[PDB]
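**Q** Pasting target_32.txt here (compact mmCIF, N, CA and C atoms):
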```txt
# COMPACT_ATOMS: atom_id res chain seq x y z
N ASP A 272 -51.22 -46.59 3.77
CA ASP A 272 -51.94 -45.99 2.68
C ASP A 272 -51.70 -44.49 2.74
N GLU A 273 -51.50 -43.86 1.58
CA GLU A 273 -51.12 -42.45 1.50
C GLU A 273 -49.89 -42.17 2.34
N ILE A 274 -48.74 -42.70 1.89
CA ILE A 274 -47.56 -42.70 2.74
C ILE A 274 -47.02 -41.30 2.93
N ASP A 275 -47.13 -40.44 1.93
CA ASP A 275 -46.45 -39.16 2.03
C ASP A 275 -47.08 -38.26 3.08
N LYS A 276 -48.38 -38.35 3.25
CA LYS A 276 -49.07 -37.67 4.33
C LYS A 276 -48.63 -38.13 5.71
N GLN A 277 -47.81 -39.16 5.83
CA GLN A 277 -47.41 -39.64 7.15
C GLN A 277 -46.19 -38.93 7.69
N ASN A 278 -45.46 -38.20 6.86
CA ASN A 278 -44.35 -37.40 7.36
C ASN A 278 -44.85 -36.37 8.32
N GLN A 279 -45.92 -35.70 7.95
CA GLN A 279 -46.56 -34.71 8.81
C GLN A 279 -47.15 -35.33 10.06
N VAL A 280 -47.74 -36.52 9.97
CA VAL A 280 -48.39 -37.11 11.14
C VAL A 280 -47.36 -37.61 12.15
N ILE A 281 -46.30 -38.28 11.67
CA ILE A 281 -45.22 -38.67 12.56
C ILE A 281 -44.53 -37.45 13.11
N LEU A 282 -44.42 -36.37 12.33
CA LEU A 282 -43.85 -35.14 12.87
C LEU A 282 -44.72 -34.58 13.96
N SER A 283 -46.02 -34.68 13.81
CA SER A 283 -46.90 -34.12 14.81
C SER A 283 -46.86 -34.91 16.10
N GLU A 284 -46.46 -36.18 16.04
CA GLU A 284 -46.33 -36.94 17.28
C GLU A 284 -44.99 -36.73 17.95
N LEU A 285 -43.96 -36.39 17.19
CA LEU A 285 -42.64 -36.15 17.78
C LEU A 285 -42.59 -34.81 18.48
N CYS A 286 -43.38 -33.85 18.01
CA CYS A 286 -43.42 -32.51 18.56
C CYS A 286 -44.26 -32.40 19.82
N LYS A 287 -44.93 -33.46 20.22
CA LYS A 287 -45.79 -33.38 21.38
C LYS A 287 -45.07 -33.71 22.66
N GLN A 288 -43.88 -34.27 22.59
CA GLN A 288 -43.27 -34.85 23.77
C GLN A 288 -42.67 -33.77 24.66
N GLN A 289 -42.68 -34.04 25.96
CA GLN A 289 -42.60 -33.00 26.98
C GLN A 289 -41.20 -32.45 27.14
N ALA A 290 -41.14 -31.23 27.65
CA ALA A 290 -39.88 -30.56 27.93
C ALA A 290 -39.24 -31.13 29.18
N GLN A 291 -37.94 -30.98 29.29
CA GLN A 291 -37.18 -31.51 30.40
C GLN A 291 -36.34 -30.40 31.00
N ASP A 292 -36.45 -30.17 32.30
CA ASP A 292 -35.62 -29.17 32.93
C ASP A 292 -34.22 -29.72 33.03
N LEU A 293 -33.24 -29.07 32.42
CA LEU A 293 -31.94 -29.71 32.35
C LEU A 293 -31.15 -29.51 33.62
N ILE A 294 -31.50 -28.54 34.45
CA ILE A 294 -30.75 -28.34 35.67
C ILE A 294 -31.19 -29.33 36.75
N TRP A 295 -32.50 -29.52 36.90
CA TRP A 295 -32.98 -30.60 37.74
C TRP A 295 -32.48 -31.94 37.26
N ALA A 296 -32.50 -32.18 35.96
CA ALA A 296 -32.11 -33.47 35.44
C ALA A 296 -30.65 -33.74 35.71
N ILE A 297 -29.76 -32.79 35.46
CA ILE A 297 -28.37 -33.13 35.71
C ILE A 297 -28.04 -33.16 37.19
N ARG A 298 -28.62 -32.29 38.02
CA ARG A 298 -28.30 -32.36 39.44
C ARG A 298 -28.84 -33.62 40.07
N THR A 299 -29.98 -34.11 39.60
CA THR A 299 -30.50 -35.39 40.04
C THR A 299 -29.63 -36.54 39.61
N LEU A 300 -29.19 -36.55 38.36
CA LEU A 300 -28.36 -37.65 37.90
C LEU A 300 -27.06 -37.68 38.64
N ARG A 301 -26.45 -36.53 38.84
CA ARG A 301 -25.16 -36.48 39.51
C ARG A 301 -25.26 -36.96 40.94
N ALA A 302 -26.27 -36.48 41.67
CA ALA A 302 -26.44 -36.85 43.07
C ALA A 302 -26.76 -38.33 43.24
N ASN A 303 -27.70 -38.85 42.45
CA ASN A 303 -28.14 -40.23 42.61
C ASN A 303 -27.22 -41.23 41.94
N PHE A 304 -26.28 -40.79 41.12
CA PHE A 304 -25.31 -41.72 40.59
C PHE A 304 -24.02 -41.72 41.37
N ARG A 305 -23.83 -40.80 42.31
CA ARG A 305 -22.59 -40.82 43.08
C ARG A 305 -22.35 -42.15 43.78
N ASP A 306 -23.26 -42.60 44.65
CA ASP A 306 -23.08 -43.89 45.32
C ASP A 306 -23.92 -45.03 44.78
N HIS A 307 -25.22 -44.84 44.57
CA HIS A 307 -26.15 -45.95 44.48
C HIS A 307 -25.77 -46.95 43.40
N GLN A 308 -26.00 -48.24 43.68
CA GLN A 308 -25.44 -49.34 42.91
C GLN A 308 -26.44 -50.43 42.58
N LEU A 309 -26.18 -51.13 41.48
CA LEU A 309 -26.95 -52.31 41.06
C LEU A 309 -26.37 -53.58 41.66
N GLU A 310 -27.21 -54.56 41.88
CA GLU A 310 -26.71 -55.60 42.74
C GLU A 310 -26.19 -56.75 41.93
N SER A 311 -25.16 -57.42 42.44
CA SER A 311 -24.39 -58.38 41.67
C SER A 311 -25.02 -59.75 41.54
N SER A 312 -26.22 -59.86 40.99
CA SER A 312 -26.79 -61.15 40.68
C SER A 312 -26.42 -61.55 39.25
N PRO A 313 -26.95 -62.67 38.75
CA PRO A 313 -26.86 -62.92 37.30
C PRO A 313 -27.80 -62.11 36.44
N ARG A 314 -28.89 -61.52 36.95
CA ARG A 314 -29.75 -60.72 36.09
C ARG A 314 -28.99 -59.50 35.60
N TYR A 315 -28.20 -58.91 36.48
CA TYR A 315 -27.49 -57.67 36.23
C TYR A 315 -26.09 -57.94 35.78
N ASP A 316 -25.93 -58.91 34.90
CA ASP A 316 -24.66 -59.60 34.72
C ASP A 316 -23.61 -58.72 34.11
N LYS A 317 -23.98 -57.79 33.26
CA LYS A 317 -23.00 -56.91 32.67
C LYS A 317 -23.43 -55.47 32.69
N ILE A 318 -24.55 -55.15 33.32
CA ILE A 318 -25.18 -53.85 33.19
C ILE A 318 -24.35 -52.76 33.84
N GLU A 319 -23.71 -53.03 34.96
CA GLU A 319 -23.09 -51.95 35.71
C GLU A 319 -21.93 -51.33 34.97
N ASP A 320 -21.41 -51.96 33.93
CA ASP A 320 -20.31 -51.35 33.19
C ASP A 320 -20.75 -50.54 32.00
N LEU A 321 -22.04 -50.51 31.69
CA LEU A 321 -22.55 -49.53 30.76
C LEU A 321 -22.66 -48.18 31.42
N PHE A 322 -22.90 -48.17 32.72
CA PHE A 322 -23.08 -46.97 33.50
C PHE A 322 -21.83 -46.51 34.20
N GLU A 323 -20.66 -47.03 33.88
CA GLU A 323 -19.46 -46.48 34.50
C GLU A 323 -18.89 -45.29 33.76
N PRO A 324 -18.84 -45.24 32.43
CA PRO A 324 -18.44 -43.98 31.80
C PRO A 324 -19.39 -42.85 32.08
N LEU A 325 -20.69 -43.12 32.19
CA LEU A 325 -21.62 -42.05 32.50
C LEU A 325 -21.43 -41.54 33.92
N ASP B 272 -70.79 -25.04 64.84
CA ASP B 272 -72.05 -25.61 65.25
C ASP B 272 -71.84 -27.10 65.34
N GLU B 273 -72.53 -27.76 66.27
CA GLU B 273 -72.44 -29.21 66.51
C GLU B 273 -71.00 -29.69 66.58
N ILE B 274 -70.31 -29.29 67.65
CA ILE B 274 -68.86 -29.40 67.70
C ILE B 274 -68.42 -30.85 67.83
N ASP B 275 -69.16 -31.68 68.56
CA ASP B 275 -68.63 -33.00 68.86
C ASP B 275 -68.56 -33.87 67.62
N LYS B 276 -69.48 -33.68 66.69
CA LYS B 276 -69.43 -34.35 65.41
C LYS B 276 -68.24 -33.92 64.56
N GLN B 277 -67.43 -32.96 65.00
CA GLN B 277 -66.29 -32.54 64.21
C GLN B 277 -65.06 -33.37 64.48
N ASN B 278 -65.05 -34.16 65.53
CA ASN B 278 -63.92 -35.05 65.78
C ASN B 278 -63.81 -36.06 64.67
N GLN B 279 -64.94 -36.60 64.23
CA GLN B 279 -64.96 -37.55 63.14
C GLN B 279 -64.63 -36.91 61.82
N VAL B 280 -65.05 -35.67 61.60
CA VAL B 280 -64.81 -35.04 60.31
C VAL B 280 -63.35 -34.65 60.16
N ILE B 281 -62.76 -34.08 61.22
CA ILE B 281 -61.33 -33.82 61.20
C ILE B 281 -60.55 -35.11 61.15
N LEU B 282 -61.04 -36.17 61.78
CA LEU B 282 -60.35 -37.45 61.67
C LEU B 282 -60.41 -37.98 60.26
N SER B 283 -61.52 -37.78 59.59
CA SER B 283 -61.65 -38.30 58.24
C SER B 283 -60.77 -37.55 57.27
N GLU B 284 -60.41 -36.30 57.59
CA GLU B 284 -59.49 -35.59 56.71
C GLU B 284 -58.04 -35.93 56.99
N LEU B 285 -57.71 -36.33 58.20
CA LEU B 285 -56.34 -36.69 58.53
C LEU B 285 -55.98 -38.06 57.98
N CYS B 286 -56.97 -38.93 57.85
CA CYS B 286 -56.79 -40.28 57.35
C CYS B 286 -56.72 -40.35 55.84
N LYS B 287 -56.77 -39.23 55.15
CA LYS B 287 -56.71 -39.26 53.71
C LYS B 287 -55.33 -38.97 53.17
N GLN B 288 -54.39 -38.56 54.01
CA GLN B 288 -53.10 -38.13 53.51
C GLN B 288 -52.35 -39.31 52.92
N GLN B 289 -51.59 -39.04 51.87
CA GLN B 289 -50.99 -40.08 51.06
C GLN B 289 -49.83 -40.76 51.76
N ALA B 290 -49.60 -42.01 51.40
CA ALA B 290 -48.50 -42.77 51.93
C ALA B 290 -47.19 -42.31 51.32
N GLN B 291 -46.10 -42.53 52.03
CA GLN B 291 -44.79 -42.08 51.61
C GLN B 291 -43.84 -43.27 51.62
N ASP B 292 -43.18 -43.53 50.51
CA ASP B 292 -42.21 -44.61 50.48
C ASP B 292 -41.00 -44.16 51.27
N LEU B 293 -40.62 -44.88 52.31
CA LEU B 293 -39.58 -44.35 53.17
C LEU B 293 -38.20 -44.64 52.64
N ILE B 294 -38.06 -45.59 51.74
CA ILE B 294 -36.74 -45.89 51.21
C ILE B 294 -36.37 -44.90 50.12
N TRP B 295 -37.29 -44.61 49.21
CA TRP B 295 -37.08 -43.52 48.27
C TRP B 295 -36.87 -42.21 48.99
N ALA B 296 -37.65 -41.94 50.03
CA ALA B 296 -37.55 -40.67 50.72
C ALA B 296 -36.20 -40.52 51.38
N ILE B 297 -35.73 -41.53 52.09
CA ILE B 297 -34.44 -41.30 52.74
C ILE B 297 -33.29 -41.34 51.76
N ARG B 298 -33.32 -42.18 50.72
CA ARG B 298 -32.20 -42.18 49.79
C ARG B 298 -32.15 -40.89 48.99
N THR B 299 -33.30 -40.31 48.69
CA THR B 299 -33.35 -39.00 48.06
C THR B 299 -32.83 -37.91 48.96
N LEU B 300 -33.23 -37.90 50.22
CA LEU B 300 -32.76 -36.85 51.11
C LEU B 300 -31.27 -36.95 51.30
N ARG B 301 -30.76 -38.14 51.49
CA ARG B 301 -29.34 -38.32 51.73
C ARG B 301 -28.52 -37.88 50.53
N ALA B 302 -28.93 -38.29 49.33
CA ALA B 302 -28.20 -37.95 48.12
C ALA B 302 -28.23 -36.46 47.83
N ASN B 303 -29.41 -35.85 47.86
CA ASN B 303 -29.56 -34.44 47.53
C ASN B 303 -29.17 -33.51 48.65
N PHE B 304 -28.90 -34.00 49.84
CA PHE B 304 -28.37 -33.14 50.88
C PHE B 304 -26.87 -33.26 51.03
N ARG B 305 -26.22 -34.22 50.38
CA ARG B 305 -24.76 -34.28 50.51
C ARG B 305 -24.05 -33.01 50.07
N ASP B 306 -24.27 -32.51 48.86
CA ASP B 306 -23.61 -31.25 48.49
C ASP B 306 -24.51 -30.04 48.44
N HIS B 307 -25.70 -30.12 47.88
CA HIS B 307 -26.42 -28.94 47.41
C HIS B 307 -26.66 -27.95 48.53
N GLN B 308 -26.56 -26.65 48.19
CA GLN B 308 -26.50 -25.57 49.17
C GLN B 308 -27.40 -24.41 48.81
N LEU B 309 -27.78 -23.65 49.83
CA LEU B 309 -28.54 -22.41 49.67
C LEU B 309 -27.61 -21.23 49.47
N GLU B 310 -28.14 -20.16 48.88
CA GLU B 310 -27.34 -18.99 48.64
C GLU B 310 -26.93 -18.37 49.97
N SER B 311 -25.99 -17.42 49.94
CA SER B 311 -25.66 -16.59 51.08
C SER B 311 -26.18 -15.17 50.94
N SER B 312 -27.39 -14.99 50.46
CA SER B 312 -27.98 -13.68 50.35
C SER B 312 -28.52 -13.24 51.71
N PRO B 313 -29.18 -12.08 51.80
CA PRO B 313 -29.86 -11.76 53.05
C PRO B 313 -31.11 -12.56 53.34
N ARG B 314 -31.88 -13.02 52.34
CA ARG B 314 -33.08 -13.80 52.68
C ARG B 314 -32.71 -15.08 53.40
N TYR B 315 -31.72 -15.78 52.90
CA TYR B 315 -31.37 -17.09 53.41
C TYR B 315 -30.42 -16.99 54.58
N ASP B 316 -30.56 -15.94 55.38
CA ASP B 316 -29.76 -15.81 56.58
C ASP B 316 -30.33 -16.72 57.64
N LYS B 317 -29.45 -17.37 58.38
CA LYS B 317 -29.82 -18.26 59.46
C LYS B 317 -30.66 -19.45 59.05
N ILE B 318 -30.95 -19.63 57.76
CA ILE B 318 -31.70 -20.81 57.34
C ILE B 318 -30.79 -22.02 57.24
N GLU B 319 -29.60 -21.86 56.69
CA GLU B 319 -28.77 -23.03 56.44
C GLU B 319 -28.34 -23.71 57.72
N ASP B 320 -28.48 -23.06 58.87
CA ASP B 320 -28.10 -23.72 60.12
C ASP B 320 -29.24 -24.46 60.77
N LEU B 321 -30.45 -24.39 60.22
CA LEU B 321 -31.50 -25.29 60.63
C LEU B 321 -31.30 -26.65 60.00
N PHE B 322 -30.70 -26.67 58.81
CA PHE B 322 -30.48 -27.88 58.05
C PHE B 322 -29.10 -28.44 58.24
N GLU B 323 -28.33 -28.02 59.22
CA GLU B 323 -27.04 -28.68 59.44
C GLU B 323 -27.12 -29.89 60.34
N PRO B 324 -27.89 -29.91 61.42
CA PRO B 324 -28.06 -31.17 62.13
C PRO B 324 -28.74 -32.23 61.31
N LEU B 325 -29.68 -31.87 60.43
CA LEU B 325 -30.32 -32.87 59.60
C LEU B 325 -29.35 -33.42 58.58
```
For the file at hand, write its structure as structure tokens.

**A**
Amino acid sequence: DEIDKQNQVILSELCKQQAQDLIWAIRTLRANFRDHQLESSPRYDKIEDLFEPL
Amino acid sequence: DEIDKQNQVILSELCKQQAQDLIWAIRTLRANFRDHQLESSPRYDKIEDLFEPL
């Protein structure tokens, strides 16, 4: 109801989300992605190849 | 004042410290200590050699 007033409300919820330190984030990703691995069961059947280009 | 009753009070404060997941802790230490380094300024003199055996 009153759809046009929802652009502002959805905007107000998108603007609340927290900041991310990009230097901690990339140094953490780089360090923890160097070795650590997902295990070769059937649950993880194709997942490890989404994370190989990254 | 009333010193002997302080054994229990100091004991009650030591027993409140939080638990530490040892698998997250060691995998984090190992990963983030593989490359990352301290500066070679004058403040950080002789510090980096405390962290070489570790």

**Q** Considering only C-alpha atoms, state which residue in the set A:284, A:323, A:275, A:292 is at the smallest distance from residue 304 (chain A).

**A**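 Ranking A:284, A:323, A:275, A:292 by distance to residue 304 (chain A), first place goes to A:323.
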
**Q** With a cut-off of 8 Å, could you pull out the residues of chain B touching chain A and give me the nearest pair of atoms for each, distance in Å to one decimal, using only N, CA and C atoms, ordered by chain and ascending number, as CSV?

**A**
```
residue,atom,partner,partner_atom,distance
B:298,C,A:303,CA,7.6
B:299,CA,A:303,CA,7.6
B:301,C,A:302,C,7.5
B:302,C,A:302,CA,5.1
B:303,N,A:302,CA,5.7
B:304,N,A:302,CA,7.7
B:305,N,A:302,CA,7.8
B:306,N,A:302,CA,7.6
```

**Q** For atom N of residue 310 (chain B) and atom C of residue 300 (chain A), quote the distance in Å rounded to one decimal.

**A**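 Computing the Euclidean distance for atom N of residue 310 (chain B) and atom C of residue 300 (chain A) yields 20.3 Å.
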
**Q** Distance CA of residue 324 (chain B)-CA of residue 309 (chain B), one decimal place?

**A**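 Between these atoms lies a distance of 15.2 Å.
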
**Q** Taking the backbone alone, and naming residues the way the document does, which bits of chain B are alpha helix (DSSP H) by DSSP, as a list in words?

**A**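 Here is the list: residues 277, 278, 279, 280, 281, 282, 283, 284, 285, 293, 294, 295, 296, 297, 298, 299, 300, 301, 302, 303, 304 and 305 of chain B.
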
**Q** Using N, CA and C atoms, can you write the selected residues to a file as a PDB file, keeping the file's coordinate frame?

**A**
```pdb
ATOM      1  N   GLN B 277     -67.430 -32.960  65.000  1.00  0.00           N
ATOM      2  CA  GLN B 277     -66.290 -32.540  64.210  1.00  0.00           C
ATOM      3  C   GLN B 277     -65.060 -33.370  64.480  1.00  0.00           C
ATOM      4  N   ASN B 278     -65.050 -34.160  65.530  1.00  0.00           N
ATOM      5  CA  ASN B 278     -63.920 -35.050  65.780  1.00  0.00           C
ATOM      6  C   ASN B 278     -63.810 -36.060  64.670  1.00  0.00           C
ATOM      7  N   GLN B 279     -64.940 -36.600  64.230  1.00  0.00           N
ATOM      8  CA  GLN B 279     -64.960 -37.550  63.140  1.00  0.00           C
ATOM      9  C   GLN B 279     -64.630 -36.910  61.820  1.00  0.00           C
ATOM     10  N   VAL B 280     -65.050 -35.670  61.600  1.00  0.00           N
ATOM     11  CA  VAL B 280     -64.810 -35.040  60.310  1.00  0.00           C
ATOM     12  C   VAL B 280     -63.350 -34.650  60.160  1.00  0.00           C
ATOM     13  N   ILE B 281     -62.760 -34.080  61.220  1.00  0.00           N
ATOM     14  CA  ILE B 281     -61.330 -33.820  61.200  1.00  0.00           C
ATOM     15  C   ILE B 281     -60.550 -35.110  61.150  1.00  0.00           C
ATOM     16  N   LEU B 282     -61.040 -36.170  61.780  1.00  0.00           N
ATOM     17  CA  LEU B 282     -60.350 -37.450  61.670  1.00  0.00           C
ATOM     18  C   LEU B 282     -60.410 -37.980  60.260  1.00  0.00           C
ATOM     19  N   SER B 283     -61.520 -37.780  59.590  1.00  0.00           N
ATOM     20  CA  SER B 283     -61.650 -38.300  58.240  1.00  0.00           C
ATOM     21  C   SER B 283     -60.770 -37.550  57.270  1.00  0.00           C
ATOM     22  N   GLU B 284     -60.410 -36.300  57.590  1.00  0.00           N
ATOM     23  CA  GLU B 284     -59.490 -35.590  56.710  1.00  0.00           C
ATOM     24  C   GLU B 284     -58.040 -35.930  56.990  1.00  0.00           C
ATOM     25  N   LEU B 285     -57.710 -36.330  58.200  1.00  0.00           N
ATOM     26  CA  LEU B 285     -56.340 -36.690  58.530  1.00  0.00           C
ATOM     27  C   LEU B 285     -55.980 -38.060  57.980  1.00  0.00           C
ATOM     28  N   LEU B 293     -40.620 -44.880  52.310  1.00  0.00           N
ATOM     29  CA  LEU B 293     -39.580 -44.350  53.170  1.00  0.00           C
ATOM     30  C   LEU B 293     -38.200 -44.640  52.640  1.00  0.00           C
ATOM     31  N   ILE B 294     -38.060 -45.590  51.740  1.00  0.00           N
ATOM     32  CA  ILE B 294     -36.740 -45.890  51.210  1.00  0.00           C
ATOM     33  C   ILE B 294     -36.370 -44.900  50.120  1.00  0.00           C
ATOM     34  N   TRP B 295     -37.290 -44.610  49.210  1.00  0.00           N
ATOM     35  CA  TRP B 295     -37.080 -43.520  48.270  1.00  0.00           C
ATOM     36  C   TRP B 295     -36.870 -42.210  48.990  1.00  0.00           C
ATOM     37  N   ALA B 296     -37.650 -41.940  50.030  1.00  0.00           N
ATOM     38  CA  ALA B 296     -37.550 -40.670  50.720  1.00  0.00           C
ATOM     39  C   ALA B 296     -36.200 -40.520  51.380  1.00  0.00           C
ATOM     40  N   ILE B 297     -35.730 -41.530  52.090  1.00  0.00           N
ATOM     41  CA  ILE B 297     -34.440 -41.300  52.740  1.00  0.00           C
ATOM     42  C   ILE B 297     -33.290 -41.340  51.760  1.00  0.00           C
ATOM     43  N   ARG B 298     -33.320 -42.180  50.720  1.00  0.00           N
ATOM     44  CA  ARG B 298     -32.200 -42.180  49.790  1.00  0.00           C
ATOM     45  C   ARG B 298     -32.150 -40.890  48.990  1.00  0.00           C
ATOM     46  N   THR B 299     -33.300 -40.310  48.690  1.00  0.00           N
ATOM     47  CA  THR B 299     -33.350 -39.000  48.060  1.00  0.00           C
ATOM     48  C   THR B 299     -32.830 -37.910  48.960  1.00  0.00           C
ATOM     49  N   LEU B 300     -33.230 -37.900  50.220  1.00  0.00           N
ATOM     50  CA  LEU B 300     -32.760 -36.850  51.110  1.00  0.00           C
ATOM     51  C   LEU B 300     -31.270 -36.950  51.300  1.00  0.00           C
ATOM     52  N   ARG B 301     -30.760 -38.140  51.490  1.00  0.00           N
ATOM     53  CA  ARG B 301     -29.340 -38.320  51.730  1.00  0.00           C
ATOM     54  C   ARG B 301     -28.520 -37.880  50.530  1.00  0.00           C
ATOM     55  N   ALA B 302     -28.930 -38.290  49.330  1.00  0.00           N
ATOM     56  CA  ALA B 302     -28.200 -37.950  48.120  1.00  0.00           C
ATOM     57  C   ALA B 302     -28.230 -36.460  47.830  1.00  0.00           C
ATOM     58  N   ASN B 303     -29.410 -35.850  47.860  1.00  0.00           N
ATOM     59  CA  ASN B 303     -29.560 -34.440  47.530  1.00  0.00           C
ATOM     60  C   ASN B 303     -29.170 -33.510  48.650  1.00  0.00           C
ATOM     61  N   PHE B 304     -28.900 -34.000  49.840  1.00  0.00           N
ATOM     62  CA  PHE B 304     -28.370 -33.140  50.880  1.00  0.00           C
ATOM     63  C   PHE B 304     -26.870 -33.260  51.030  1.00  0.00           C
ATOM     64  N   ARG B 305     -26.220 -34.220  50.380  1.00  0.00           N
ATOM     65  CA  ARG B 305     -24.760 -34.280  50.510  1.00  0.00           C
ATOM     66  C   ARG B 305     -24.050 -33.010  50.070  1.00  0.00           C
TER      67      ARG B 305
END
```

**Q** At what distance in Å, to one decimal, does CA of residue 297 (chain A) lie from CA of residue 321 (chain A)?

**A**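 Between CA of residue 321 (chain A) and CA of residue 297 (chain A) the gap is 18.1 Å.
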
**Q** Return region 284-302 of chain B, completed with N, CA, C and O atoms, as a tab-separated table (two decimals), keeping the file's coordinate frame.

**A**
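This is the output file rebuild.tsv:
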```tsv
chain	number	residue	atom	x	y	z
B	284	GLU	N	-60.41	-36.30	57.59
B	284	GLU	CA	-59.49	-35.59	56.71
B	284	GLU	C	-58.04	-35.93	56.99
B	284	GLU	O	-57.20	-35.77	56.11
B	285	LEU	N	-57.71	-36.33	58.20
B	285	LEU	CA	-56.34	-36.69	58.53
B	285	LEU	C	-55.98	-38.06	57.98
B	285	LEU	O	-54.81	-38.35	57.74
B	286	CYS	N	-56.97	-38.93	57.85
B	286	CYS	CA	-56.79	-40.28	57.35
B	286	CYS	C	-56.72	-40.35	55.84
B	286	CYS	O	-56.70	-41.45	55.29
B	287	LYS	N	-56.77	-39.23	55.15
B	287	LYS	CA	-56.71	-39.26	53.71
B	287	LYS	C	-55.33	-38.97	53.17
B	287	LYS	O	-55.12	-39.10	51.97
B	288	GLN	N	-54.39	-38.56	54.01
B	288	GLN	CA	-53.10	-38.13	53.51
B	288	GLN	C	-52.35	-39.31	52.92
B	288	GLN	O	-52.45	-40.43	53.41
B	289	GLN	N	-51.59	-39.04	51.87
B	289	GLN	CA	-50.99	-40.08	51.06
B	289	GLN	C	-49.83	-40.76	51.76
B	289	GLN	O	-49.15	-40.17	52.60
B	290	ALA	N	-49.60	-42.01	51.40
B	290	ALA	CA	-48.50	-42.77	51.93
B	290	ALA	C	-47.19	-42.31	51.32
B	290	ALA	O	-47.15	-41.77	50.22
B	291	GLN	N	-46.10	-42.53	52.03
B	291	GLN	CA	-44.79	-42.08	51.61
B	291	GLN	C	-43.84	-43.27	51.62
B	291	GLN	O	-43.71	-43.93	52.65
B	292	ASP	N	-43.18	-43.53	50.51
B	292	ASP	CA	-42.21	-44.61	50.48
B	292	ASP	C	-41.00	-44.16	51.27
B	292	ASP	O	-40.44	-43.12	50.98
B	293	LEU	N	-40.62	-44.88	52.31
B	293	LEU	CA	-39.58	-44.35	53.17
B	293	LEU	C	-38.20	-44.64	52.64
B	293	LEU	O	-37.25	-43.98	53.04
B	294	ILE	N	-38.06	-45.59	51.74
B	294	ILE	CA	-36.74	-45.89	51.21
B	294	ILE	C	-36.37	-44.90	50.12
B	294	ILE	O	-35.25	-44.38	50.09
B	295	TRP	N	-37.29	-44.61	49.21
B	295	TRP	CA	-37.08	-43.52	48.27
B	295	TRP	C	-36.87	-42.21	48.99
B	295	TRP	O	-35.99	-41.44	48.62
B	296	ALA	N	-37.65	-41.94	50.03
B	296	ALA	CA	-37.55	-40.67	50.72
B	296	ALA	C	-36.20	-40.52	51.38
B	296	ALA	O	-35.55	-39.49	51.23
B	297	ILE	N	-35.73	-41.53	52.09
B	297	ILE	CA	-34.44	-41.30	52.74
B	297	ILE	C	-33.29	-41.34	51.76
B	297	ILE	O	-32.33	-40.60	51.93
B	298	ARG	N	-33.32	-42.18	50.72
B	298	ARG	CA	-32.20	-42.18	49.79
B	298	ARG	C	-32.15	-40.89	48.99
B	298	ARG	O	-31.07	-40.39	48.70
B	299	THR	N	-33.30	-40.31	48.69
B	299	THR	CA	-33.35	-39.00	48.06
B	299	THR	C	-32.83	-37.91	48.96
B	299	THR	O	-32.07	-37.05	48.52
B	300	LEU	N	-33.23	-37.90	50.22
B	300	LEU	CA	-32.76	-36.85	51.11
B	300	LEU	C	-31.27	-36.95	51.30
B	300	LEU	O	-30.58	-35.95	51.28
B	301	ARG	N	-30.76	-38.14	51.49
B	301	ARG	CA	-29.34	-38.32	51.73
B	301	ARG	C	-28.52	-37.88	50.53
B	301	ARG	O	-27.54	-37.13	50.68
B	302	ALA	N	-28.93	-38.29	49.33
B	302	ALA	CA	-28.20	-37.95	48.12
B	302	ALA	C	-28.23	-36.46	47.83
B	302	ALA	O	-27.20	-35.85	47.57
```
